[PDB]
Structure formats: C-alpha cells, structure tokens
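**Q** Right, I'll just put the structure down here and ask away after.
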Amino acid sequence: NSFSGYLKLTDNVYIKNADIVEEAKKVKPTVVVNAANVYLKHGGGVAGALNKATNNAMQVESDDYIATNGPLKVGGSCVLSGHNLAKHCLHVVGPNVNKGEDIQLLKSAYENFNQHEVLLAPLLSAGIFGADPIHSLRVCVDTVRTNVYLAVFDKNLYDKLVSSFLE
Ligand SMILES: CC(C)[C@H](Nc1ncnc(N)c1Cl)c1ccc2c(c1)S(=O)(=O)CCC2
C-alpha cells in the first residue's frame, strides 16, 4: 500500500491523476477495485485495462465465477484474485445510466468498499457509464468510510474534480 503523489481530500479519500493499472503495479495494494458489469465481461475501459495487465487471467477466473454463481446485481460486488496487480480484486457494478440504470444505486456500489480497510479504485460509473463524475466523487466521499485511493486517468477531469470539491 505504498501510495505516492495523491492529494488528500478528506480523512479517508485521496485522489491522483493516474492510470489505475500503473498504480496497481507501483503500489501492490491489498485490494484493487474493478469497474465491472454484471457478467464480468472485461471488454474495454477500466475493466479491459486491468484484465489485459493480468494477460487475460482475470477474464478466465471471472467466467468461472459466473458459471458457478450467476451474474452480479447492479450495486453489488464480488471478491476474486488480484493476480499480479493486487492481493484481491473487488469487482463492483455501478449503474450504467446510459443504459437506464438508477443513479441511486451508485451509493450501494460504493458501500461495497467499506468491507476492505484500504483500496485502490476508479471513479465508479464515470466515463461511458454516463454518471456525472463530480456527483460520483461526492457519493464516494459521503459513503466510503474506509481508506480509498482514487486513480482518475485524465488530467482535465482530475483538475475539475479537485476544483469542484475545494469550492
Ligand atoms: C473517467 C475516466 C478517465 C476513467 N478512466 C480510467 N481511470 C483510471 N484508470 C484507467 N485505466 C482508466 Cl481507462 C473511468 C472511470 C470509471 C469508469 C470508466 C472510466 S469506463 O469508461 O471504463 C466505464 C466504467 C467506469
């Protein structure tokens, strides 16, 4: 958990302009969070980047989990191996508002982070999931009580999030 160069926003929420994959390699965190979908198909974006960094081992393990347990619910999670990136990967499904899922489930999604003391995570439901990223940060700050290190891979978005939170 050797996180470096983060800006502390609250007593338990930190943020950095960084690729979550690059952070996982440098930090070797106990838990890395994946911004998953309910069938754990890691086809692009954050999930695709994390899966590619495990040389597809995450996707094979995920298919085996789904075969035995069925899909997740929106707002839910599962703990699987972290492979070479972390001890564990916490796969969390935030709502995809571009597909009509309820934005209120973003609170349920962040609540899954409270079962782990320290996490490296992405900004849930941002990007192509369509949630307002400033709203996602506010729900993270209001809901997560354990120590969360957010990696946002876009300097422009990083700067807007820090400005909107320090207002
Ligand atoms: C807002 C983006 C800059 C951010 N991207 C990243 N943030 C950190 N490490 C990365 N490798 C990337 Cl790709 C982001 C955060 C959340 C989500 C996505 C994108 S998505 O479009 O893959 C859909 C699922 C939710």
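By convention in this document, the chains of the structure tokens carry letters A, B, ... by their order, each chain's residues are numbered from 1, and ligands are numbered from 1 in the order they are shown.
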Any chance you could tabulate, as a tab-separated table, the residues of stretch 41-105 of chain A at most 7 Å from stretch 128-133 of chain A with each one's nearest atom pair and distance in Å to one decimal, using only C-alpha atoms, in chain and rising number order?

**A**
residue	atom	partner	partner_atom	distance
A:96	CA	A:129	CA	4.3
A:97	CA	A:130	CA	5.4
A:98	CA	A:130	CA	5.3

**Q** May I have the residues within 10 Å of ligand 1, computed using only C-alpha atoms and all ligand atoms, as an MDAnalysis selection string?

**A** chainID A and resid 16:23 34:37 42:50 92:96 121:133 136 150:158

**Q** Quick one: DSSP helix (DSSP H, G or I) residues in stretch 37-94 of chain A, as a PyMOL selection string?

**A** chain A and resi 45-53+57-69

**Q** Can you pull out the residues contacting residue A:82? Cut-off 9 Å, using only C-alpha atoms, and skip same-chain residues under 6 positions away; I want them as a JSON list (two decimals) with N, CA and C atoms, in the first residue's frame.

**A**
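Output file around-v3.json follows:
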[["chain", "number", "residue", "atom", "x", "y", "z"],
["A", 30, "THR", "N", -3.42, -4.17, -1.34],
["A", 30, "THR", "CA", -4.16, -5.35, -0.87],
["A", 30, "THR", "C", -5.41, -5.57, -1.76],
["A", 31, "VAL", "N", -6.12, -4.45, -2.12],
["A", 31, "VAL", "CA", -7.34, -4.53, -2.94],
["A", 31, "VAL", "C", -7.28, -3.49, -4.05],
["A", 32, "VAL", "N", -7.53, -3.95, -5.30],
["A", 32, "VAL", "CA", -7.81, -3.08, -6.44],
["A", 32, "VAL", "C", -9.27, -3.24, -6.82],
["A", 54, "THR", "N", -3.34, -8.56, -16.53],
["A", 54, "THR", "CA", -3.22, -9.92, -15.99],
["A", 54, "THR", "C", -3.05, -10.95, -17.13],
["A", 58, "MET", "N", -7.67, -12.68, -15.41],
["A", 58, "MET", "CA", -8.85, -12.15, -14.73],
["A", 58, "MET", "C", -10.13, -12.57, -15.47],
["A", 88, "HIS", "N", -6.19, -8.95, -3.86],
["A", 88, "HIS", "CA", -7.58, -9.19, -4.26],
["A", 88, "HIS", "C", -8.10, -8.13, -5.22],
["A", 89, "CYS", "N", -9.03, -8.55, -6.09],
["A", 89, "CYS", "CA", -9.75, -7.62, -6.91],
["A", 89, "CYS", "C", -11.17, -7.63, -6.43],
["A", 90, "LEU", "N", -11.69, -6.46, -6.07],
["A", 90, "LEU", "CA", -13.09, -6.25, -5.74],
["A", 90, "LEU", "C", -13.84, -5.77, -6.98]]

**Q** Just the residues within 9 Å of residue A:66, please, counting only C-alpha atoms, with nothing from its chain fewer than 5 positions along; format it as a PyMOL selection string.

**A** chain A and resi 39-40+61+71-72

**Q** Would you write out those residues with N, CA, C and O atoms, as an mmCIF file, in the first residue's frame?

**A**
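Full text of part.cif as output:
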data_model
loop_
_atom_site.group_PDB
_atom_site.id
_atom_site.type_symbol
_atom_site.label_atom_id
_atom_site.label_comp_id
_atom_site.auth_asym_id
_atom_site.auth_seq_id
_atom_site.Cartn_x
_atom_site.Cartn_y
_atom_site.Cartn_z
ATOM 1 N N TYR A 39 -22.042 -9.367 -15.773
ATOM 2 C CA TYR A 39 -21.482 -10.658 -16.220
ATOM 3 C C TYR A 39 -19.972 -10.703 -16.222
ATOM 4 O O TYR A 39 -19.363 -11.690 -16.654
ATOM 5 N N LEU A 40 -19.311 -9.692 -15.611
ATOM 6 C CA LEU A 40 -17.859 -9.678 -15.507
ATOM 7 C C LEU A 40 -17.179 -9.875 -16.863
ATOM 8 O O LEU A 40 -16.190 -10.629 -16.976
ATOM 9 N N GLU A 61 -10.885 -16.413 -14.838
ATOM 10 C CA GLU A 61 -11.388 -16.571 -13.470
ATOM 11 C C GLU A 61 -12.811 -16.017 -13.332
ATOM 12 O O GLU A 61 -13.665 -16.654 -12.704
ATOM 13 N N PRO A 71 -24.726 -14.056 -12.462
ATOM 14 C CA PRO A 71 -24.300 -12.639 -12.548
ATOM 15 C C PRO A 71 -24.480 -11.878 -11.249
ATOM 16 O O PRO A 71 -25.276 -12.238 -10.369
ATOM 17 N N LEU A 72 -23.749 -10.764 -11.162
ATOM 18 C CA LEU A 72 -23.924 -9.870 -10.026
ATOM 19 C C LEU A 72 -25.195 -9.053 -10.222
ATOM 20 O O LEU A 72 -25.803 -9.058 -11.299
#

**Q** Each residue of stretch 2-33 of chain A with at least one atom at most 10 Å from stretch 137-141 of chain A should appear once, together with its nearest atom pair and the corresponding distance in Å (one decimal); atoms considered: only C-alpha atoms; ordering: chain, then increasing residue number; output as JSON lines.

**A**
{"residue": "A:9", "atom": "CA", "partner": "A:141", "partner_atom": "CA", "distance": 8.6}
{"residue": "A:10", "atom": "CA", "partner": "A:141", "partner_atom": "CA", "distance": 7.5}
{"residue": "A:11", "atom": "CA", "partner": "A:141", "partner_atom": "CA", "distance": 9.6}
{"residue": "A:12", "atom": "CA", "partner": "A:141", "partner_atom": "CA", "distance": 8.1}
{"residue": "A:13", "atom": "CA", "partner": "A:141", "partner_atom": "CA", "distance": 6.5}
{"residue": "A:14", "atom": "CA", "partner": "A:141", "partner_atom": "CA", "distance": 9.7}
{"residue": "A:15", "atom": "CA", "partner": "A:137", "partner_atom": "CA", "distance": 9.8}

**Q** Can you write just those residues out, N, CA and C atoms, as a PDB file, in the first residue's frame?

**A**
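This is the output file part_7.pdb:
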ATOM      1  N   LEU A   9      -8.280  14.480   0.083  1.00  0.00           N
ATOM      2  CA  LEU A   9      -9.489  15.331   0.038  1.00  0.00           C
ATOM      3  C   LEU A   9     -10.179  15.333   1.394  1.00  0.00           C
ATOM      4  N   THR A  10     -10.341  14.146   2.025  1.00  0.00           N
ATOM      5  CA  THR A  10     -10.970  14.054   3.343  1.00  0.00           C
ATOM      6  C   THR A  10     -10.094  13.124   4.178  1.00  0.00           C
ATOM      7  N   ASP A  11     -10.518  12.835   5.439  1.00  0.00           N
ATOM      8  CA  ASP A  11      -9.670  11.964   6.254  1.00  0.00           C
ATOM      9  C   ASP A  11      -9.493  10.582   5.685  1.00  0.00           C
ATOM     10  N   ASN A  12     -10.406  10.129   4.759  1.00  0.00           N
ATOM     11  CA  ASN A  12     -10.272   8.787   4.207  1.00  0.00           C
ATOM     12  C   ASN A  12     -10.329   8.703   2.668  1.00  0.00           C
ATOM     13  N   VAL A  13     -10.389   9.862   1.952  1.00  0.00           N
ATOM     14  CA  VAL A  13     -10.469   9.799   0.486  1.00  0.00           C
ATOM     15  C   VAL A  13      -9.299  10.605  -0.125  1.00  0.00           C
ATOM     16  N   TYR A  14      -8.511   9.953  -1.021  1.00  0.00           N
ATOM     17  CA  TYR A  14      -7.311  10.515  -1.679  1.00  0.00           C
ATOM     18  C   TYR A  14      -7.538  10.408  -3.194  1.00  0.00           C
ATOM     19  N   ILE A  15      -6.922  11.297  -3.995  1.00  0.00           N
ATOM     20  CA  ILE A  15      -7.118  11.260  -5.429  1.00  0.00           C
ATOM     21  C   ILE A  15      -5.817  11.558  -6.160  1.00  0.00           C
TER      22      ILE A  15
END

**Q** Pull the strand (DSSP E) assignments for stretch 7-121 of chain A out of DSSP run on the backbone, and list those residues as an MDAnalysis selection string.

**A** chainID A and resid 7:8 13:17 31:35 77:81 88:92 118:121

**Q** What does the distance between atom CA of residue A:24 and atom CA of residue A:6 come to in Å, to one decimal place?

**A**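 Atom-to-atom, atom CA of residue A:24 to atom CA of residue A:6, that is 13.8 Å.
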
**Q** Which residues are near residue A:25? Cut-off 10 Å, only C-alpha atoms, ignore same chain within fewer than 4 positions. Put them as a ChimeraX atom specification.

**A** /A:20-21,29,53,84-86

**Q** Export N, CA, C and O atoms of the chosen residues as a PDB file, in the first residue's frame?

**A**
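Writing done, so here's out.pdb:
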ATOM      1  N   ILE A  20      -5.109   3.503 -13.337  1.00  0.00           N
ATOM      2  CA  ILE A  20      -5.227   2.558 -12.224  1.00  0.00           C
ATOM      3  C   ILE A  20      -4.262   1.335 -12.378  1.00  0.00           C
ATOM      4  O   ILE A  20      -3.805   0.759 -11.391  1.00  0.00           O
ATOM      5  N   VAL A  21      -3.993   0.928 -13.640  1.00  0.00           N
ATOM      6  CA  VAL A  21      -3.078  -0.199 -13.857  1.00  0.00           C
ATOM      7  C   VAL A  21      -1.657   0.146 -13.385  1.00  0.00           C
ATOM      8  O   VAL A  21      -0.957  -0.705 -12.771  1.00  0.00           O
ATOM      9  N   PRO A  29      -1.306  -2.998  -4.080  1.00  0.00           N
ATOM     10  CA  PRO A  29      -2.272  -2.820  -2.992  1.00  0.00           C
ATOM     11  C   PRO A  29      -2.883  -4.136  -2.554  1.00  0.00           C
ATOM     12  O   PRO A  29      -2.949  -5.107  -3.308  1.00  0.00           O
ATOM     13  N   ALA A  53      -3.678  -6.374 -18.212  1.00  0.00           N
ATOM     14  CA  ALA A  53      -2.487  -6.381 -17.367  1.00  0.00           C
ATOM     15  C   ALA A  53      -2.278  -7.715 -16.639  1.00  0.00           C
ATOM     16  O   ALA A  53      -1.149  -8.010 -16.220  1.00  0.00           O
ATOM     17  N   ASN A  84      -1.440 -10.490 -10.605  1.00  0.00           N
ATOM     18  CA  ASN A  84      -0.191  -9.765 -10.382  1.00  0.00           C
ATOM     19  C   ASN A  84      -0.387  -8.319  -9.949  1.00  0.00           C
ATOM     20  O   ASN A  84       0.608  -7.601  -9.714  1.00  0.00           O
ATOM     21  N   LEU A  85      -1.637  -7.836  -9.848  1.00  0.00           N
ATOM     22  CA  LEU A  85      -1.908  -6.424  -9.582  1.00  0.00           C
ATOM     23  C   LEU A  85      -2.153  -6.071  -8.139  1.00  0.00           C
ATOM     24  O   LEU A  85      -1.930  -4.913  -7.723  1.00  0.00           O
ATOM     25  N   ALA A  86      -2.647  -7.032  -7.377  1.00  0.00           N
ATOM     26  CA  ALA A  86      -3.071  -6.807  -6.007  1.00  0.00           C
ATOM     27  C   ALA A  86      -3.271  -8.158  -5.331  1.00  0.00           C
ATOM     28  O   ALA A  86      -3.350  -9.173  -6.021  1.00  0.00           O
TER      29      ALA A  86
END

**Q** Hey, can you check how far atom CA of residue A:65 sits from atom CA of residue A:33?

**A**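 About the pair atom CA of residue A:65 and atom CA of residue A:33: they are 16.7 Å apart.
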
**Q** One number please: atom CA of residue A:77 to atom CA of residue A:1, in Å, one decimal.

**A**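 We find that atom CA of residue A:77 and atom CA of residue A:1 lie 21.7 Å from each other.
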